[PDB]
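To keep things clear, I will list the structure first and then write my remarks on it.
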Amino acid sequence: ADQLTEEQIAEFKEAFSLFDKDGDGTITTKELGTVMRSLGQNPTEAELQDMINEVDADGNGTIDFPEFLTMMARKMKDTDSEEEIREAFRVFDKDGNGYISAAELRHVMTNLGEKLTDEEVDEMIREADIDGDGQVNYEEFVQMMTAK
Ligand SMILES: NCCCCCCNS(=O)(=O)c1cccc2c(Cl)cccc12
Ligand SMILES: NCCCCCCNS(=O)(=O)c1cccc2c(Cl)cccc12
Ligand SMILES: [Ca+2]
Ligand SMILES: [Ca+2]
Ligand SMILES: [Ca+2]
Ligand SMILES: [Ca+2]
């Protein structure tokens, strides 16, 4: 069905090196500490150890390369891809940001051959903006069009 590409593994390899900040090869609680404090978090060495227990299937207090890739190579996120929401995002995203804005929608309805006033477009993006609000993304379009 789908063909995996070495590109994915390279992605997990870039994040791995970004975490280890001491040339070690293994991610400890100290290195990870600076990994969460340099991004946007201020937890502690104790709570951190707890977040490491789930990323440790041996009992060593650290993570290796086969555990970091086997954990993030499975799921990590959710990006449904169907022939329906695929063409839709391809026609609503002509700038590149990869997001549908109330403005673009206005220029898309007039091109197809219809006539919607700014009031109709803004109200539309609002009914589909359940988690974005102000902007829409892939997931939103997949959960706004399909619904029992
Ligand atoms: N979670 C968003 C902020 C960080 C983004 C980069 C890291 N992304 S992550 O949160 O998936 C992640 C990466 C590497 C080690 C982790 C350990 Cl030891 C525990 C929990 C998550 C970990
Ligand atoms: N290959 C299948 C393509 C299916 C396209 C369906 C388009 N369905 S739609 O015209 O109702 C529509 C288009 C673009 C954005 C929308 C937002 Cl943000 C909210 C509500 C409706 C939206
Ligand atoms: Ca190290
Ligand atoms: Ca381990
Ligand atoms: Ca766009
Ligand atoms: Ca939204």
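In the structure tokens, chains take letters A, B, ... by order of appearance, with residues numbered from 1 within each chain and ligands from 1 in the order shown.
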
Residues at most 9 Å from ligand 5, using only C-alpha atoms and all ligand atoms? Could they come as an MDAnalysis selection string?
-> chainID A and resid 89:101 104

Shell around residue 55 of chain A at 8 Å using only C-alpha atoms, local window under 2 positions removed, as a list in words = residues 51, 52, 53, 57, 63, 67, 68 and 71 of chain A

Mind listing the residues within 12 Å of ligand 2, only C-alpha atoms and all ligand atoms counted, as an MDAnalysis selection string?
-> chainID A and resid 81:93 99:110 112 114 116 120:146

Would you list the contacts of residue 9 of chain A as a list in words, taking every protein, DNA or RNA residue within 12 Å and counting only C-alpha atoms, but skipping same-chain residues closer than 6 positions in sequence?
->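 Near residue 9 of chain A, the qualifying residues are residues 15, 16, 65, 66, 68, 69, 70, 71, 72, 73 and 74 of chain A.
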
Measure the distance from atom CA of residue 31 of chain A to atom CA of residue 78 of chain A in Å and round it to one decimal.
->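 Atom-to-atom, atom CA of residue 31 of chain A to atom CA of residue 78 of chain A, that is 27.8 Å.
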
Mind checking which residues fall within 8 Å of residue 29 of chain A, counting only C-alpha atoms, ignoring those fewer than 4 positions away in the same chain, and posting them as a PyMOL selection string?
-> chain A and resi 33+45+48-49+52+61-62

Let me have all residues with an atom within 7 Å of ligand 3, counting only C-alpha atoms and all ligand atoms, laid out as a PyMOL selection string.
-> chain A and resi 20-28+31

As a ChimeraX atom specification, list the residues of chain A assigned to alpha helix (DSSP H) by DSSP on the backbone atoms of this structure.
-> /A:6-19,29-37,45-53,65-72,83-92,102-112,118-128,138-145

Straight-line distance linking atom 1 (Ca, counted along the ligand's line) of ligand 4 with atom CA of residue 59 of chain A, stated in Å to one decimal =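 These two atoms are separated by 6.2 Å.
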
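The shortest atom-to-atom distance to ligand 4, with only C-alpha atoms and all ligand atoms taken into account, belongs to A:56 out of A:118, A:50, A:56, A:80.
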
Nearest candidate to residue 19 of chain A (options A:37, A:6, A:79, A:58; using only C-alpha atoms) =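 Closest candidate: A:37.
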
Give the strand (DSSP E or B) residues of segment 20-148 of chain A, as assigned by DSSP on the backbone, as a PyMOL selection string.
-> chain A and resi 27+63+100+136
